[PDB]
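Reading through the structure tokens given below for one structure.
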Amino acid sequence: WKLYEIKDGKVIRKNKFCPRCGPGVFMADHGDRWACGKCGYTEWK
Amino acid sequence: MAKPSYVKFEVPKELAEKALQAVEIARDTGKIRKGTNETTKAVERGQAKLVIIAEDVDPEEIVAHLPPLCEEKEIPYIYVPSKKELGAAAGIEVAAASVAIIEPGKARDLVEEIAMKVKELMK
Amino acid sequence: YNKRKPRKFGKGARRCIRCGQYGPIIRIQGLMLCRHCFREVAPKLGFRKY
Amino acid sequence: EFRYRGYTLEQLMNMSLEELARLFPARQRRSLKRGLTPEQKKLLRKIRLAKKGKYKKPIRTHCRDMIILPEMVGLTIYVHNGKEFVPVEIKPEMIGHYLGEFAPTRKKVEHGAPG
RNA sequence: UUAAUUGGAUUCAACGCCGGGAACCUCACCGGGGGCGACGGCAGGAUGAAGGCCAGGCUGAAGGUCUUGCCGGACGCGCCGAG
């Protein structure tokens, strides 16, 4: 719930959605990379 | 006792009892998501078919996001007066502030009814 | 981490069926038995002293 | 100067591992031919990074059968003999011999009065 | 003597004996590190793992350890009896 903000009628997500498992998958916001903690898949920024 | 800000309609007592019955039957022969981050994930995932929310939740933020997000995703929502009642209907000792049903199971006939009684509440 | 390494070779690759000793294990046609265990099992195995 | 099969330290360094192993004994060349374990490659990466300067940690190790290569010359590493990681330093003359030869696994055996 | 040459075996009736095969193992010896106490009572519980996850400093070394950022959805930390 903390990662979910709401502004003017839309839900903002702090972390991004890992595309392998679909939505609902928050994954590492490391600043330099978007890493997923479930399998180690890393999409560098 | 004024209703909190996230309230958009008044749920009668019989409708709250029916919602708790639906929660119990979905716990028995279906699937419910205890906890509010899981409910948010379900509503985002679209698996949530009805979001039951407690009215006496001391922190407003946990339940504040549910009404506008549910209305955005066209997933009906209902209220129950006590988070303790929602937790007891959830089969867990600790209080569950929000429960999103995924498979009503044998509660569908109630849930589809309750959803109907939800659809008249916003009008 | 809590698993012993597989061993297809050496003495450690053979641990007797009955007594579990890691040392003498005769495998003639695959008995897979310890030497000290063979005395209780030989006569029932059709072995006959001649 | 240092000599090994007609090549000095840098003359050994500039060449790949194939002839570099052809200069090594059978027990070393053949083992290099059959490849290195997952922890030998990791330690090689560690020491290459340290020589570059990236890995600033004092490097300890346990791989006793690690064959010293000329690339490891000029570095200090701590090798395990069973109790502690004894320090050793790699000079150009260490080429062609295992690391586990360089740690006393048995302390000196002296003699006291008989029973 | 060692950290270790593990220990047993005492003349016949101990000493090519256990070992009828020690480079990991064998290990019963030493140094170092990691991990779970089953099933209960007390306690937490869905309030979100206890399983793993990259970049790395300690780790021989491994998300073991920790800064880092998180899910997988669920009963699992811990003291006593008892394992």
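Chains as they are written, first to last, in the entry's author numbering: chain BX, 5 to 49; chain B5, 1 to 123; chain BQ, 6 to 55; chain BU, 5 to 119.
The beta-carbon is built from N, C-alpha and C at its ideal position, and this holds for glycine as well.
Proximity below 9 angstroms, CB of residue i to CB of residue j
i                      : j                      : result
residue 34 (chain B5)  : residue 99 (chain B5)  : yes
residue 22 (chain BX)  : residue 45 (chain BX)  : yes
residue 83 (chain BU)  : residue 116 (chain BU) : no
residue 130 (chain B5) : residue 5 (chain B5)   : With chain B5 covering 1 to 123 only, the question about residue 130 (chain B5) has no answer from this structure.
residue 5 (chain BX)   : residue 92 (chain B5)  : no
residue 76 (chain BU)  : residue 102 (chain BU) : no
residue 16 (chain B5)  : residue 101 (chain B5) : no
residue 124 (chain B5) : residue 66 (chain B5)  : Any question about residue 124 (chain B5) goes unanswered here, given that chain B5 covers just 1 to 123.
residue 74 (chain BU)  : residue 24 (chain BU)  : yes
residue 30 (chain BQ)  : residue 39 (chain BQ)  : yes
residue 114 (chain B5) : residue 19 (chain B5)  : yes
residue 18 (chain BX)  : residue 35 (chain BX)  : no
residue 69 (chain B5)  : residue 10 (chain BX)  : yes
residue 78 (chain BU)  : residue 94 (chain BU)  : yes
residue 110 (chain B5) : residue 22 (chain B5)  : yes
residue 54 (chain BU)  : residue 60 (chain BU)  : yes
residue 107 (chain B5) : residue 39 (chain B5)  : no
residue 65 (chain BU)  : residue 89 (chain BU)  : yes
residue 47 (chain BU)  : residue 72 (chain BU)  : no
residue 4 (chain BU)   : residue 8 (chain BU)   : No statement about residue 4 (chain BU) is possible, as the shown extent of chain BU runs from 5 to 119 and does not include it.
residue 28 (chain BQ)  : residue 13 (chain BQ)  : no
residue 36 (chain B5)  : residue 97 (chain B5)  : yes
residue 13 (chain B5)  : residue 103 (chain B5) : no
First and last residue of the uninterrupted alpha helix (DSSP H) at residue i
i                      : result
residue 51 (chain BU)  : 42-56
residue 106 (chain BU) : First-last for residue 106 (chain BU): undefined, no H or E at that position.
residue 2 (chain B5)   : It is not in any alpha helix (DSSP H) - residue 2 (chain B5) carries neither H nor E in the DSSP assignment.
residue 60 (chain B5)  : 60-64
residue 56 (chain BQ)  : In the structure as shown, chain BQ starts at 6 and stops at 55, and residue 56 (chain BQ) therefore has no counterpart that could be examined.
residue 85 (chain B5)  : 83-89
residue 47 (chain BX)  : It is not in any alpha helix (DSSP H) - residue 47 (chain BX) instead sits in the beta strand (DSSP E) that spans 46-48.
residue 46 (chain BQ)  : 43-46
Where the beta strand (DSSP E) containing residue i begins and where it ends
i                     : result
residue 83 (chain BU) : 80-84
residue 89 (chain BU) : 89-93
residue 17 (chain BX) : 14-17
residue 37 (chain BX) : 37-39
residue 9 (chain BX)  : 8-11
residue 22 (chain BQ) : From DSSP, residue 22 (chain BQ) is part of no beta strand (DSSP E); its letter is neither H nor E.
residue 80 (chain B5) : 77-80
Chain-ordered chain BX contacts of residue i [CB-CB under 7 angstroms]
i                     : result
residue 68 (chain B5) : 10, 13
Neighbour list for residue i in chain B5, Cβ cutoff strictly below 8 angstroms
i                    : result
residue 5 (chain BX) : 36, 37, 40, 61, 62, 65
Residues that residue i contacts on chain BX, provided the C-beta gap is smaller than 9 angstroms
i                     : result
residue 33 (chain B5) : Ordered by position in chain BX, no residue passes the 9 angstroms Cβ test against residue 33 (chain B5), which lies about 11 angstroms from the chain.
residue 17 (chain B5) : The premise fails here: residue 17 (chain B5) is roughly 27 angstroms from chain BX at the closest Cβ pair, so nothing lies under 9 angstroms.
residue 72 (chain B5) : 13, 14, 15
8 angstroms Cβ cut-off: residues of chain BX touching residue i
i                     : result
residue 44 (chain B5) : 15, 27, 28
Check: residue i C-beta below 8 angstroms from any heavy atom of the ligand SAH
i                     : result
residue 67 (chain BU) : For the structure depicted, the ligand SAH is absent and the ligand set is empty, with no information on it obtainable.
### Contiguous beta strand (DSSP E) assignments of at least 3 residues, all confined to the segment 12-50 of chain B5
31-34
### Query
Which full runs of the beta strand (DSSP E) of 3+ residues lie inside the segment 93-119 of chain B5, going along the chain?
98-103
### Cβ contact check for the segment 49-69 of chain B5 and the segment 79-95 of chain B5: 3 or more pairs under 8 angstroms
yes
### Task
State whether the segment 107-116 of chain BU contacts the segment 30-43 of chain BU, with contact taken as three or more CB pairs (one from each stretch) at a distance under 8 angstroms.
no
### Task
Report yes or no: do three or more beta-carbon pairs, one from the segment 13-29 of chain BX and one from the segment 84-92 of chain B5, lie closer than 8 angstroms?
no
### Query
Where are the alpha helix (DSSP H) runs, 4 residues long or more, that stay fully inside the segment 8-41 of chain BU, in chain order?
13-17, 21-26, 30-37
### Query
Is the number of C-beta pairs between the segment 32-46 of chain BQ and the segment 13-24 of chain BQ that are closer than 8 angstroms three or more?
yes
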